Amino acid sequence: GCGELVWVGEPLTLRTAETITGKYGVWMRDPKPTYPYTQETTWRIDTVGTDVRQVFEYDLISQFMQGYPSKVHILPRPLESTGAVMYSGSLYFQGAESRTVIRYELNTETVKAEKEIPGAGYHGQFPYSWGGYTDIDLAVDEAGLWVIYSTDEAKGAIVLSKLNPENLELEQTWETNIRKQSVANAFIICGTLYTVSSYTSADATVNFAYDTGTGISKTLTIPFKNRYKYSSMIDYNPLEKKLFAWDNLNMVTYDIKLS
């Protein structure tokens, strides 16, 4: 049931980090879960600092919300920023101080693929407006895996590419007119890129859309609340049909409605 985004609900807090290491981070579920995981499995990465390698895994939502991890994975190289996603059994993340995306299969703890995103800025060239080295943002939608970035040729405007999830080859690329550094974050729903106007405001908006199927850009005014005033991560999960976000220690989720 695809369509255009028309409404975002109030943020619901599912878990709050207890230390500064989790001021910013990424949490996520796999929209294409594979053995030994299920649609309830949740992963959490607290991303403050310079040697981020611990991935917390929770078999059950109850454990994610109230308990300790059921397993901790140690990544084979440090991860950069908050843009990572889970897809079909693999964590897709950016290597620290690089433009390299790594496909890391959690059940075997093996690197299955690596790819330098051609021309992508990294390490503070084209971050979102809050900084945080957020130059490269992976995304999953109804059609699969994407990457959101920019390049010198695009003059800092958001570029998005569809990725082959097995080998990380770029399959198609689109260039928007939206300055990446001017928006707080972005995500993709049903092939349309959406941006958020501010990471601090209780009265932010989903403010731009770019439809990859038609090439048309639009402005929007859909209200979006940053309840804790510092949103470092905003992604869409196409299985739950919800936004997942990280806001100033808090792992939150927003309902949505599509036309």
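All residue numbers are counted from 1 along the displayed sequence.
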Practice problem: Averaging only over Cα atoms, indicate whether 209-217 or 54-62 has the higher B-factor in the PDB entry. | Solution: 209-217
Quiz item: According to the deposited model, is the average Cα temperature factor higher in 130-138 or in 147-155?
Solution: 147-155
Quiz item: When you compare the CA B-factors of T34, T192, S198, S232 as listed in the entry, which one comes out on top?
Solution: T34
Practice problem: Go through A186, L168, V85, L160 one by one and give the residue whose Cα B-factor in the PDB entry is largest. | Solution: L168
Quiz item: Hey, what third does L91 fall into on Cα B-factor, ranked over its chain?
Solution: lowest
Quiz item: Where does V252 sit by CA temperature factor within its chain: lowest, middle or highest third?
Solution: lowest
Self-check item: Chain thirds of CA B-factor: placement of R99
Solution: middle
Practice problem: Classify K180 as lowest, middle or highest third according to the C-alpha B-factor given in the PDB entry, relative to its own chain. | Solution: lowest
Self-check item: Assigned third (lowest, middle, highest) for the C-alpha B factor of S70
Solution: middle
